[PDB]
file protein_30.pdb (PDB, N, CA, C and O atoms)
ATOM      1  N   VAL A 142      22.427 110.087 -40.063  1.00  0.00           N
ATOM      2  CA  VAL A 142      21.012 109.874 -39.708  1.00  0.00           C
ATOM      3  C   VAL A 142      20.905 109.416 -38.254  1.00  0.00           C
ATOM      4  O   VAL A 142      21.836 108.807 -37.729  1.00  0.00           O
ATOM      5  N   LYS A 143      19.772 109.713 -37.606  1.00  0.00           N
ATOM      6  CA  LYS A 143      19.552 109.326 -36.221  1.00  0.00           C
ATOM      7  C   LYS A 143      19.454 107.803 -36.127  1.00  0.00           C
ATOM      8  O   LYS A 143      18.851 107.166 -36.988  1.00  0.00           O
ATOM      9  N   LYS A 144      20.050 107.225 -35.078  1.00  0.00           N
ATOM     10  CA  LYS A 144      20.029 105.785 -34.876  1.00  0.00           C
ATOM     11  C   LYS A 144      18.610 105.335 -34.535  1.00  0.00           C
ATOM     12  O   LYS A 144      18.023 104.546 -35.272  1.00  0.00           O
ATOM     13  N   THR A 145      18.074 105.848 -33.408  1.00  0.00           N
ATOM     14  CA  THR A 145      16.730 105.519 -32.919  1.00  0.00           C
ATOM     15  C   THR A 145      16.456 104.006 -33.047  1.00  0.00           C
ATOM     16  O   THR A 145      17.394 103.208 -33.019  1.00  0.00           O
ATOM     17  N   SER A 146      15.174 103.621 -33.175  1.00  0.00           N
ATOM     18  CA  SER A 146      14.776 102.221 -33.310  1.00  0.00           C
ATOM     19  C   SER A 146      15.526 101.352 -32.298  1.00  0.00           C
ATOM     20  O   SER A 146      16.311 100.493 -32.690  1.00  0.00           O
ATOM     21  N   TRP A 147      15.266 101.594 -30.998  1.00  0.00           N
ATOM     22  CA  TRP A 147      15.910 100.877 -29.893  1.00  0.00           C
ATOM     23  C   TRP A 147      17.425 101.118 -29.890  1.00  0.00           C
ATOM     24  O   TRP A 147      18.129 100.731 -30.819  1.00  0.00           O
ATOM     25  N   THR A 148      17.925 101.767 -28.831  1.00  0.00           N
ATOM     26  CA  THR A 148      19.344 102.073 -28.720  1.00  0.00           C
ATOM     27  C   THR A 148      20.112 100.843 -28.244  1.00  0.00           C
ATOM     28  O   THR A 148      19.540  99.928 -27.652  1.00  0.00           O
ATOM     29  N   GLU A 149      21.423 100.834 -28.505  1.00  0.00           N
ATOM     30  CA  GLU A 149      22.288  99.736 -28.110  1.00  0.00           C
ATOM     31  C   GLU A 149      22.281  99.584 -26.588  1.00  0.00           C
ATOM     32  O   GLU A 149      22.369  98.470 -26.074  1.00  0.00           O
ATOM     33  N   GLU A 150      22.181 100.707 -25.868  1.00  0.00           N
ATOM     34  CA  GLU A 150      22.178 100.684 -24.417  1.00  0.00           C
ATOM     35  C   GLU A 150      20.895 100.035 -23.910  1.00  0.00           C
ATOM     36  O   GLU A 150      20.941  99.192 -23.020  1.00  0.00           O
ATOM     37  N   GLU A 151      19.748 100.420 -24.479  1.00  0.00           N
ATOM     38  CA  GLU A 151      18.472  99.845 -24.085  1.00  0.00           C
ATOM     39  C   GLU A 151      18.526  98.325 -24.231  1.00  0.00           C
ATOM     40  O   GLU A 151      18.069  97.601 -23.348  1.00  0.00           O
ATOM     41  N   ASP A 152      19.089  97.842 -25.347  1.00  0.00           N
ATOM     42  CA  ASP A 152      19.205  96.412 -25.594  1.00  0.00           C
ATOM     43  C   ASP A 152      19.977  95.750 -24.452  1.00  0.00           C
ATOM     44  O   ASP A 152      19.568  94.702 -23.957  1.00  0.00           O
ATOM     45  N   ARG A 153      21.092  96.366 -24.031  1.00  0.00           N
ATOM     46  CA  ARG A 153      21.901  95.835 -22.941  1.00  0.00           C
ATOM     47  C   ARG A 153      21.080  95.788 -21.649  1.00  0.00           C
ATOM     48  O   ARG A 153      21.142  94.802 -20.916  1.00  0.00           O
ATOM     49  N   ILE A 154      20.309  96.852 -21.371  1.00  0.00           N
ATOM     50  CA  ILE A 154      19.486  96.915 -20.166  1.00  0.00           C
ATOM     51  C   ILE A 154      18.500  95.747 -20.152  1.00  0.00           C
ATOM     52  O   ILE A 154      18.429  95.005 -19.170  1.00  0.00           O
ATOM     53  N   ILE A 155      17.737  95.588 -21.240  1.00  0.00           N
ATOM     54  CA  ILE A 155      16.743  94.529 -21.331  1.00  0.00           C
ATOM     55  C   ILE A 155      17.420  93.170 -21.225  1.00  0.00           C
ATOM     56  O   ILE A 155      16.935  92.306 -20.513  1.00  0.00           O
ATOM     57  N   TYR A 156      18.533  92.976 -21.939  1.00  0.00           N
ATOM     58  CA  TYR A 156      19.242  91.704 -21.922  1.00  0.00           C
ATOM     59  C   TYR A 156      19.642  91.331 -20.498  1.00  0.00           C
ATOM     60  O   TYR A 156      19.353  90.228 -20.047  1.00  0.00           O
ATOM     61  N   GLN A 157      20.315  92.246 -19.794  1.00  0.00           N
ATOM     62  CA  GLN A 157      20.776  91.991 -18.437  1.00  0.00           C
ATOM     63  C   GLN A 157      19.598  91.632 -17.531  1.00  0.00           C
ATOM     64  O   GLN A 157      19.649  90.633 -16.810  1.00  0.00           O
ATOM     65  N   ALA A 158      18.541  92.449 -17.564  1.00  0.00           N
ATOM     66  CA  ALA A 158      17.374  92.235 -16.723  1.00  0.00           C
ATOM     67  C   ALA A 158      16.656  90.936 -17.102  1.00  0.00           C
ATOM     68  O   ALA A 158      16.175  90.225 -16.230  1.00  0.00           O
ATOM     69  N   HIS A 159      16.583  90.633 -18.401  1.00  0.00           N
ATOM     70  CA  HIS A 159      15.907  89.436 -18.891  1.00  0.00           C
ATOM     71  C   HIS A 159      16.689  88.185 -18.494  1.00  0.00           C
ATOM     72  O   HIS A 159      16.099  87.171 -18.146  1.00  0.00           O
ATOM     73  N   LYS A 160      18.018  88.259 -18.552  1.00  0.00           N
ATOM     74  CA  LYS A 160      18.868  87.131 -18.214  1.00  0.00           C
ATOM     75  C   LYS A 160      18.687  86.749 -16.742  1.00  0.00           C
ATOM     76  O   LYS A 160      18.736  85.571 -16.397  1.00  0.00           O
ATOM     77  N   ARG A 161      18.485  87.752 -15.877  1.00  0.00           N
ATOM     78  CA  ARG A 161      18.329  87.525 -14.448  1.00  0.00           C
ATOM     79  C   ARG A 161      16.876  87.179 -14.101  1.00  0.00           C
ATOM     80  O   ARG A 161      16.625  86.209 -13.390  1.00  0.00           O
ATOM     81  N   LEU A 162      15.927  87.986 -14.588  1.00  0.00           N
ATOM     82  CA  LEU A 162      14.515  87.815 -14.267  1.00  0.00           C
ATOM     83  C   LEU A 162      13.852  86.827 -15.229  1.00  0.00           C
ATOM     84  O   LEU A 162      13.329  85.800 -14.797  1.00  0.00           O
ATOM     85  N   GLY A 163      13.860  87.151 -16.527  1.00  0.00           N
ATOM     86  CA  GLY A 163      13.219  86.331 -17.548  1.00  0.00           C
ATOM     87  C   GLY A 163      12.272  87.200 -18.365  1.00  0.00           C
ATOM     88  O   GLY A 163      12.584  88.355 -18.653  1.00  0.00           O
ATOM     89  N   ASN A 164      11.103  86.654 -18.732  1.00  0.00           N
ATOM     90  CA  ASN A 164      10.109  87.397 -19.505  1.00  0.00           C
ATOM     91  C   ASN A 164       9.258  88.263 -18.571  1.00  0.00           C
ATOM     92  O   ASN A 164       8.072  88.469 -18.824  1.00  0.00           O
ATOM     93  N   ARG A 165       9.864  88.768 -17.490  1.00  0.00           N
ATOM     94  CA  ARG A 165       9.162  89.592 -16.524  1.00  0.00           C
ATOM     95  C   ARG A 165       9.210  91.049 -16.973  1.00  0.00           C
ATOM     96  O   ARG A 165       9.808  91.893 -16.306  1.00  0.00           O
ATOM     97  N   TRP A 166       8.570  91.345 -18.109  1.00  0.00           N
ATOM     98  CA  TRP A 166       8.527  92.703 -18.632  1.00  0.00           C
ATOM     99  C   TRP A 166       7.779  93.598 -17.650  1.00  0.00           C
ATOM    100  O   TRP A 166       7.967  94.800 -17.653  1.00  0.00           O
ATOM    101  N   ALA A 167       6.934  93.003 -16.797  1.00  0.00           N
ATOM    102  CA  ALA A 167       6.206  93.753 -15.789  1.00  0.00           C
ATOM    103  C   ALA A 167       7.191  94.462 -14.851  1.00  0.00           C
ATOM    104  O   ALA A 167       6.827  95.445 -14.209  1.00  0.00           O
ATOM    105  N   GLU A 168       8.437  93.961 -14.783  1.00  0.00           N
ATOM    106  CA  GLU A 168       9.477  94.548 -13.952  1.00  0.00           C
ATOM    107  C   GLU A 168      10.377  95.443 -14.811  1.00  0.00           C
ATOM    108  O   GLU A 168      10.622  96.592 -14.459  1.00  0.00           O
ATOM    109  N   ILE A 169      10.867  94.912 -15.941  1.00  0.00           N
ATOM    110  CA  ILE A 169      11.742  95.670 -16.843  1.00  0.00           C
ATOM    111  C   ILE A 169      11.046  96.966 -17.281  1.00  0.00           C
ATOM    112  O   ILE A 169      11.671  98.026 -17.328  1.00  0.00           O
ATOM    113  N   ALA A 170       9.752  96.871 -17.600  1.00  0.00           N
ATOM    114  CA  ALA A 170       8.961  98.011 -18.044  1.00  0.00           C
ATOM    115  C   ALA A 170       8.964  99.127 -16.988  1.00  0.00           C
ATOM    116  O   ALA A 170       8.803 100.292 -17.331  1.00  0.00           O
ATOM    117  N   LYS A 171       9.151  98.778 -15.704  1.00  0.00           N
ATOM    118  CA  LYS A 171       9.197  99.780 -14.641  1.00  0.00           C
ATOM    119  C   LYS A 171      10.510 100.556 -14.732  1.00  0.00           C
ATOM    120  O   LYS A 171      10.535 101.761 -14.492  1.00  0.00           O
ATOM    121  N   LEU A 172      11.601  99.860 -15.085  1.00  0.00           N
ATOM    122  CA  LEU A 172      12.908 100.489 -15.225  1.00  0.00           C
ATOM    123  C   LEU A 172      12.891 101.431 -16.430  1.00  0.00           C
ATOM    124  O   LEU A 172      13.544 102.472 -16.413  1.00  0.00           O
ATOM    125  N   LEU A 173      12.132 101.054 -17.472  1.00  0.00           N
ATOM    126  CA  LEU A 173      11.996 101.857 -18.683  1.00  0.00           C
ATOM    127  C   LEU A 173      10.513 102.187 -18.900  1.00  0.00           C
ATOM    128  O   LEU A 173       9.852 101.521 -19.689  1.00  0.00           O
ATOM    129  N   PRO A 174       9.981 103.213 -18.196  1.00  0.00           N
ATOM    130  CA  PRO A 174       8.577 103.588 -18.287  1.00  0.00           C
ATOM    131  C   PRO A 174       8.156 103.862 -19.733  1.00  0.00           C
ATOM    132  O   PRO A 174       7.052 103.498 -20.133  1.00  0.00           O
ATOM    133  N   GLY A 175       9.034 104.505 -20.514  1.00  0.00           N
ATOM    134  CA  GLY A 175       8.744 104.823 -21.907  1.00  0.00           C
ATOM    135  C   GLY A 175       8.521 103.547 -22.727  1.00  0.00           C
ATOM    136  O   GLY A 175       7.870 103.590 -23.769  1.00  0.00           O
ATOM    137  N   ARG A 176       9.066 102.417 -22.253  1.00  0.00           N
ATOM    138  CA  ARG A 176       8.941 101.140 -22.936  1.00  0.00           C
ATOM    139  C   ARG A 176       7.903 100.279 -22.213  1.00  0.00           C
ATOM    140  O   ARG A 176       8.167  99.758 -21.133  1.00  0.00           O
ATOM    141  N   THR A 177       6.718 100.131 -22.812  1.00  0.00           N
ATOM    142  CA  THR A 177       5.643  99.353 -22.213  1.00  0.00           C
ATOM    143  C   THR A 177       5.972  97.859 -22.265  1.00  0.00           C
ATOM    144  O   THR A 177       6.823  97.428 -23.045  1.00  0.00           O
ATOM    145  N   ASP A 178       5.279  97.070 -21.433  1.00  0.00           N
ATOM    146  CA  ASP A 178       5.455  95.623 -21.394  1.00  0.00           C
ATOM    147  C   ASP A 178       5.260  95.044 -22.798  1.00  0.00           C
ATOM    148  O   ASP A 178       6.023  94.183 -23.230  1.00  0.00           O
ATOM    149  N   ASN A 179       4.231  95.522 -23.505  1.00  0.00           N
ATOM    150  CA  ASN A 179       3.926  95.056 -24.848  1.00  0.00           C
ATOM    151  C   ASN A 179       5.061  95.419 -25.803  1.00  0.00           C
ATOM    152  O   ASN A 179       5.474  94.588 -26.610  1.00  0.00           O
ATOM    153  N   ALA A 180       5.561  96.658 -25.717  1.00  0.00           N
ATOM    154  CA  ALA A 180       6.627  97.122 -26.593  1.00  0.00           C
ATOM    155  C   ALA A 180       7.874  96.250 -26.437  1.00  0.00           C
ATOM    156  O   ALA A 180       8.410  95.759 -27.429  1.00  0.00           O
ATOM    157  N   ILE A 181       8.340  96.062 -25.194  1.00  0.00           N
ATOM    158  CA  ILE A 181       9.543  95.277 -24.935  1.00  0.00           C
ATOM    159  C   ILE A 181       9.315  93.821 -25.340  1.00  0.00           C
ATOM    160  O   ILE A 181      10.125  93.244 -26.059  1.00  0.00           O
ATOM    161  N   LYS A 182       8.210  93.231 -24.866  1.00  0.00           N
ATOM    162  CA  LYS A 182       7.878  91.843 -25.154  1.00  0.00           C
ATOM    163  C   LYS A 182       7.900  91.590 -26.663  1.00  0.00           C
ATOM    164  O   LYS A 182       8.564  90.663 -27.128  1.00  0.00           O
ATOM    165  N   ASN A 183       7.172  92.414 -27.423  1.00  0.00           N
ATOM    166  CA  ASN A 183       7.097  92.272 -28.867  1.00  0.00           C
ATOM    167  C   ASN A 183       8.484  92.421 -29.489  1.00  0.00           C
ATOM    168  O   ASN A 183       8.922  91.551 -30.237  1.00  0.00           O
ATOM    169  N   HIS A 184       9.169  93.531 -29.178  1.00  0.00           N
ATOM    170  CA  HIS A 184      10.491  93.817 -29.725  1.00  0.00           C
ATOM    171  C   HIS A 184      11.437  92.635 -29.516  1.00  0.00           C
ATOM    172  O   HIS A 184      12.090  92.193 -30.460  1.00  0.00           O
ATOM    173  N   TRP A 185      11.518  92.135 -28.281  1.00  0.00           N
ATOM    174  CA  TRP A 185      12.409  91.038 -27.953  1.00  0.00           C
ATOM    175  C   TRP A 185      12.038  89.791 -28.750  1.00  0.00           C
ATOM    176  O   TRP A 185      12.884  89.229 -29.443  1.00  0.00           O
ATOM    177  N   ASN A 186      10.778  89.349 -28.650  1.00  0.00           N
ATOM    178  CA  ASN A 186      10.331  88.140 -29.330  1.00  0.00           C
ATOM    179  C   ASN A 186      10.029  88.431 -30.803  1.00  0.00           C
ATOM    180  O   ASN A 186       8.964  88.077 -31.303  1.00  0.00           O
ATOM    181  N   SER A 187      10.984  89.068 -31.489  1.00  0.00           N
ATOM    182  CA  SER A 187      10.874  89.395 -32.903  1.00  0.00           C
ATOM    183  C   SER A 187      12.255  89.778 -33.421  1.00  0.00           C
ATOM    184  O   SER A 187      12.725  89.230 -34.417  1.00  0.00           O
ATOM    185  N   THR A 188      12.896  90.730 -32.733  1.00  0.00           N
ATOM    186  CA  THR A 188      14.204  91.228 -33.116  1.00  0.00           C
ATOM    187  C   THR A 188      15.302  90.476 -32.364  1.00  0.00           C
ATOM    188  O   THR A 188      16.203  89.917 -32.986  1.00  0.00           O
ATOM    189  N   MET A 189      15.232  90.477 -31.023  1.00  0.00           N
ATOM    190  CA  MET A 189      16.253  89.851 -30.191  1.00  0.00           C
ATOM    191  C   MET A 189      15.733  88.547 -29.595  1.00  0.00           C
ATOM    192  O   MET A 189      15.569  88.438 -28.379  1.00  0.00           O
ATOM    193  N   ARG A 190      15.485  87.549 -30.449  1.00  0.00           N
ATOM    194  CA  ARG A 190      15.019  86.246 -29.997  1.00  0.00           C
ATOM    195  C   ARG A 190      16.216  85.435 -29.487  1.00  0.00           C
ATOM    196  O   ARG A 190      16.526  84.367 -30.017  1.00  0.00           O
ATOM    197  N   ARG A 191      16.885  85.962 -28.451  1.00  0.00           N
ATOM    198  CA  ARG A 191      18.041  85.321 -27.840  1.00  0.00           C
ATOM    199  C   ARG A 191      17.717  85.029 -26.378  1.00  0.00           C
ATOM    200  O   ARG A 191      18.305  85.626 -25.475  1.00  0.00           O
ATOM    201  N   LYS A 192      16.769  84.108 -26.153  1.00  0.00           N
ATOM    202  CA  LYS A 192      16.333  83.742 -24.812  1.00  0.00           C
ATOM    203  C   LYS A 192      17.410  82.898 -24.127  1.00  0.00           C
ATOM    204  O   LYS A 192      17.240  81.696 -23.939  1.00  0.00           O
ATOM    205  N   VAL A 193      18.516  83.550 -23.759  1.00  0.00           N
ATOM    206  CA  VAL A 193      19.637  82.899 -23.100  1.00  0.00           C
ATOM    207  C   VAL A 193      20.559  83.965 -22.497  1.00  0.00           C
ATOM    208  O   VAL A 193      21.137  83.760 -21.432  1.00  0.00           O
TER     209      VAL A 193
END

call {"tool": "encode", "arguments": {"input": "protein_30.pdb", "output": "structure tokens"}}
result
Amino acid sequence: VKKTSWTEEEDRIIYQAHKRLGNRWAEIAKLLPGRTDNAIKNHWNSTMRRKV
């Protein structure tokens, strides 16, 4: 079956950018146009609640 539902690579991208910038989805969202600020923000603060 297809993995989908946020790829492992995308998670690494957001993690790296979040660790350096923070909750600046306004910036991360630019790196991933397909992923809106709301999409990333929600996904992170629900699935990957690892603010560190």

call {"tool": "residues_around", "arguments": {"input": "protein_30.pdb", "residues": "segment 159-173 of chain A", "least_positions_apart": "3", "cutoff": "10 Å", "atoms": "only C-alpha atoms", "output": "PyMOL selection string"}}
result
chain A and resi 151+153-156+176-182+185-186+191-193

call {"tool": "atom_distance", "arguments": {"input": "protein_30.pdb", "atom1": "atom O of residue 147 of chain A", "atom2": "atom CA of residue 183 of chain A"}}
result
14.0 Å

call {"tool": "atom_distance", "arguments": {"input": "protein_30.pdb", "atom1": "atom N of residue 144 of chain A", "atom2": "atom O of residue 158 of chain A"}}
result
25.7 Å

call {"tool": "decode", "arguments": {"input": "protein_30.pdb", "residues": "segment 159-174 of chain A", "atoms": "N, CA, C and O atoms", "output": "PDB file, in the first residue's frame"}}
result
ATOM      1  N   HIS A 159      12.342  23.527  11.747  1.00  0.00           N
ATOM      2  CA  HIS A 159      11.676  23.920  12.984  1.00  0.00           C
ATOM      3  C   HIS A 159      12.696  24.057  14.114  1.00  0.00           C
ATOM      4  O   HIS A 159      12.591  24.956  14.937  1.00  0.00           O
ATOM      5  N   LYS A 160      13.678  23.159  14.154  1.00  0.00           N
ATOM      6  CA  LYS A 160      14.697  23.176  15.189  1.00  0.00           C
ATOM      7  C   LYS A 160      15.519  24.465  15.106  1.00  0.00           C
ATOM      8  O   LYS A 160      15.929  25.005  16.131  1.00  0.00           O
ATOM      9  N   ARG A 161      15.763  24.950  13.882  1.00  0.00           N
ATOM     10  CA  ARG A 161      16.557  26.151  13.666  1.00  0.00           C
ATOM     11  C   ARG A 161      15.693  27.412  13.792  1.00  0.00           C
ATOM     12  O   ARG A 161      16.069  28.351  14.488  1.00  0.00           O
ATOM     13  N   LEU A 162      14.549  27.435  13.099  1.00  0.00           N
ATOM     14  CA  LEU A 162      13.677  28.603  13.070  1.00  0.00           C
ATOM     15  C   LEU A 162      12.702  28.589  14.248  1.00  0.00           C
ATOM     16  O   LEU A 162      12.702  29.511  15.063  1.00  0.00           O
ATOM     17  N   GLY A 163      11.862  27.551  14.323  1.00  0.00           N
ATOM     18  CA  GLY A 163      10.844  27.433  15.360  1.00  0.00           C
ATOM     19  C   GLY A 163       9.488  27.197  14.706  1.00  0.00           C
ATOM     20  O   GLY A 163       9.396  26.478  13.713  1.00  0.00           O
ATOM     21  N   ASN A 164       8.430  27.814  15.253  1.00  0.00           N
ATOM     22  CA  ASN A 164       7.082  27.675  14.703  1.00  0.00           C
ATOM     23  C   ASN A 164       6.885  28.655  13.543  1.00  0.00           C
ATOM     24  O   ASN A 164       5.783  29.162  13.338  1.00  0.00           O
ATOM     25  N   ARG A 165       7.955  28.925  12.786  1.00  0.00           N
ATOM     26  CA  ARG A 165       7.898  29.846  11.667  1.00  0.00           C
ATOM     27  C   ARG A 165       7.462  29.093  10.414  1.00  0.00           C
ATOM     28  O   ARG A 165       8.224  28.974   9.455  1.00  0.00           O
ATOM     29  N   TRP A 166       6.223  28.589  10.422  1.00  0.00           N
ATOM     30  CA  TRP A 166       5.684  27.866   9.278  1.00  0.00           C
ATOM     31  C   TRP A 166       5.592  28.809   8.084  1.00  0.00           C
ATOM     32  O   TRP A 166       5.574  28.362   6.953  1.00  0.00           O
ATOM     33  N   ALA A 167       5.546  30.123   8.340  1.00  0.00           N
ATOM     34  CA  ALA A 167       5.506  31.112   7.277  1.00  0.00           C
ATOM     35  C   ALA A 167       6.752  30.983   6.394  1.00  0.00           C
ATOM     36  O   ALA A 167       6.735  31.412   5.243  1.00  0.00           O
ATOM     37  N   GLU A 168       7.826  30.384   6.939  1.00  0.00           N
ATOM     38  CA  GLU A 168       9.066  30.175   6.207  1.00  0.00           C
ATOM     39  C   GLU A 168       9.112  28.741   5.671  1.00  0.00           C
ATOM     40  O   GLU A 168       9.365  28.531   4.489  1.00  0.00           O
ATOM     41  N   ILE A 169       8.863  27.753   6.544  1.00  0.00           N
ATOM     42  CA  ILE A 169       8.880  26.341   6.149  1.00  0.00           C
ATOM     43  C   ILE A 169       7.897  26.107   4.994  1.00  0.00           C
ATOM     44  O   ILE A 169       8.208  25.392   4.041  1.00  0.00           O
ATOM     45  N   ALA A 170       6.710  26.715   5.088  1.00  0.00           N
ATOM     46  CA  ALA A 170       5.670  26.581   4.077  1.00  0.00           C
ATOM     47  C   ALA A 170       6.175  27.045   2.702  1.00  0.00           C
ATOM     48  O   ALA A 170       5.682  26.580   1.682  1.00  0.00           O
ATOM     49  N   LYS A 171       7.161  27.957   2.670  1.00  0.00           N
ATOM     50  CA  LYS A 171       7.720  28.431   1.405  1.00  0.00           C
ATOM     51  C   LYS A 171       8.575  27.327   0.784  1.00  0.00           C
ATOM     52  O   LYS A 171       8.581  27.159  -0.434  1.00  0.00           O
ATOM     53  N   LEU A 172       9.296  26.572   1.627  1.00  0.00           N
ATOM     54  CA  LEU A 172      10.136  25.477   1.160  1.00  0.00           C
ATOM     55  C   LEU A 172       9.250  24.355   0.617  1.00  0.00           C
ATOM     56  O   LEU A 172       9.626  23.674  -0.335  1.00  0.00           O
ATOM     57  N   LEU A 173       8.069  24.175   1.230  1.00  0.00           N
ATOM     58  CA  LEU A 173       7.106  23.161   0.813  1.00  0.00           C
ATOM     59  C   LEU A 173       5.780  23.847   0.458  1.00  0.00           C
ATOM     60  O   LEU A 173       4.870  23.869   1.279  1.00  0.00           O
ATOM     61  N   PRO A 174       5.666  24.416  -0.764  1.00  0.00           N
ATOM     62  CA  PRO A 174       4.472  25.131  -1.193  1.00  0.00           C
ATOM     63  C   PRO A 174       3.214  24.269  -1.057  1.00  0.00           C
ATOM     64  O   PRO A 174       2.161  24.771  -0.670  1.00  0.00           O
TER      65      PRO A 174
END
